[PDB]
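Each remark here refers to the structure printed beneath this line.
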Ligand SMILES: [Ca+2]
Ligand SMILES: [Ca+2]
Ligand SMILES: [Ca+2]
Ligand SMILES: [Ca+2]
Ligand SMILES: [Ca+2]
Ligand code: NA
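In PDB author numbering, the protein residues as written are 534 to 566, 572 to 858.
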């Protein structure tokens with residue numbers, strides 16, 4: 534009487550990006566009394587599907603490739619209708635479900651090919667250097683976003699979180715021995731073997747200077763020989779400290795402490811000269827004669843707060 538399909542429901546399945554497919558589904562209804575099959579509904583891409591009568595079966599096919607990434611939930615739902623040659627005609631419908639399988643046809647990508655980040659050199663071991671974010675456009679969780687594994691190459695001093703891409707430190711750093719780093723970041727998807735795909739970006743890290751070094755004396759204590767009664771302004775010797783920090787933090791400021799009337803230095807050079815106070819080698823005064831032949835010098839950098847050398851340094855003078 535009414536065309537009745539042999540099943541309550543039908544099914545077919547294929548990968549995305551298939552050229553065509555000749556038999557997603559075979560259906561058949563039966564009339565005791572003829573039958574024409576039609577696709578009456580389609581959740582999506584109806585135009586791509588076709589039905590034909592082959593050897594008594596209504597046979598669904600698909601003529602274009604499908605894109606998994608343009609389909610919600612991997613499923614296309616069709617409704618097929620069998621209809622007799624009746625006047626009026628009689629019909630019956632049935633659900634068909636087309637599963638589309640995802641292919642790994644999208645690579646992980648980064649917003650930029652190179653990222654640039656600056657960071658103070660006293661960064662707390664394990665702190666957030668940089669959040670990274672790759673994007674994989676495959677829709678399935680197997681091949682798309684959820685599947686991304688971050689990897690990091692370069693210095694053992696850094697490490698990346700494999701799921702979130704958050705980059706972090708392995709240790710305390712030191713601008714005074716490593717100033718910059720170039721790291722390579724790989725994102726990879728859940729494809730297997732040659733179908734695994736990978737995204738890449740460099741991360742270029744610069745260390746900003748902290749005033750984390752004291753001045754220290756080069757070649758102290760100093761020994762000079764100097765003639766008796768030498769004129770005012772005669773060159774004596776040069777003192778030197780070293781601060782390997784940058785700019786202000788490495789800039790040195792020398793001074794004589796406590797004061798010494800027989801000598802003056804240049805605070806920016808450390809170049810000691812004599813004063814108008816004359817150097818009598820056989821001078822009565824004990825105190826005055828002792829600092830005639832010994833100069834104590836201190837040195838500070840221009841940081842904030844400014845650091846200074848642990849020790850002072852001495853110029854031992856020997857008069858002639
Ligand atoms: Ca696709
Ligand atoms: Ca895909
Ligand atoms: Ca992918
Ligand atoms: Ca310093
Ligand atoms: Ca420093
Ligand atoms: Na340092």
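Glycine included, each C-beta is placed from N, C-alpha and C at the ideal position.
Residue i to residue j span [Cα, whole Å]
i	j	result
residue 668	residue 702	11 Å
residue 736	residue 583	31 Å
residue 825	residue 785	40 Å
residue 585	residue 601	9 Å
residue 535	residue 557	25 Å
residue 795	residue 649	58 Å
residue 579	residue 734	36 Å
residue 576	residue 611	25 Å
residue 752	residue 804	20 Å
residue 774	residue 811	5 Å
residue 641	residue 609	13 Å
residue 850	residue 808	13 Å
residue 589	residue 552	17 Å
residue 772	residue 837	23 Å
residue 833	residue 744	42 Å
residue 800	residue 769	11 Å
residue 707	residue 679	30 Å
residue 647	residue 606	19 Å
Extent of the continuous beta strand (DSSP E) to which residue i belongs
i	result
residue 633	629–639
residue 851	851–857
residue 571	Missing here is residue 571: after 566, the next number in the chain is 572.
residue 725	718–726
residue 568	Between 566 and 572 in the chain the model has nothing, and residue 568 is one of the residues in that span.
residue 760	760–764
residue 812	809–812
residue 598	595–600
residue 681	Segment: none, residue 681 is in no beta strand (DSSP E) and carries neither H nor E.
residue 591	587–592
residue 575	574–580
The alpha helix (DSSP H) enclosing residue i, as first and last residue numbers
i	result
residue 660	Element bounds for residue 660: n/a, residue is neither H nor E.
residue 737	Note, residue 737: premise wrong, no alpha helix (DSSP H); beta strand (DSSP E) at 736–746.
residue 786	785–788
residue 827	824–828
Closest by C-alpha distance to residue i, when choosing among the options
i	options	result
residue 654	677, 705 and 605	705
residue 755	627, 853 and 711	853
residue 692	648, 732, 674 and 739	739
residue 710	661, 833 and 641	661
residue 848	550, 589 and 780	780
residue 539	548, 545, 550 and 564	564
residue 555	547, 694 and 742	547
residue 699	677, 724 and 822	724
residue 782	776, 749, 798 and 806	749
Closer than 7 Å: residue i CB and nearest ligand 5 heavy atom
i	result
residue 699	no
residue 567	In the model as presented, the chain runs from 566 straight to 572, which leaves residue 567 without coordinates.
residue 718	no
residue 783	yes
residue 786	no
Closer than 7 Å: residue i CB and nearest ligand 2 heavy atom
i	result
residue 751	no
residue 606	yes
Residue i: CB within 7 Å of a non-hydrogen atom of ligand 1
i	result
residue 615	no
Proximity test, residue i beta-carbon vs ligand 4 heavy atom, cut-off 7 Å
i	result
residue 746	no
residue 845	yes
Contact test: residue i Cβ vs ligand 3 heavy atom, cutoff 7 Å
i	result
residue 550	no
(request) Assess, as a yes-or-no matter, whether the segment 757–769 is touched by the segment 800–818 under the definition of 3 or more beta carbon pairs within less than 8 Å. (result) yes
(message) Three or more C-beta pairs under 8 Å: does that hold for the segment 680–692 against the segment 713–728?
(response) yes
(message) Is it the case that the segment 715–723 contacts the segment 633–641, given that we only count it when at least three CB pairs across the two stretches are under 8 Å?
(response) no
(message) Closer than 8 Å is the cut-off here; do at least three beta carbon pairs connect the segment 839–851 with the segment 785–805?
(response) yes
(request) Report yes or no: do three or more beta-carbon pairs, one from the segment 643–657 and one from the segment 608–617, lie closer than 8 Å? (result) no
(message) Taking 8 Å as the cut-off, does the segment 624–631 touch the segment 670–678 (at least 3 CB pairs, one atom from each stretch)?
(response) no
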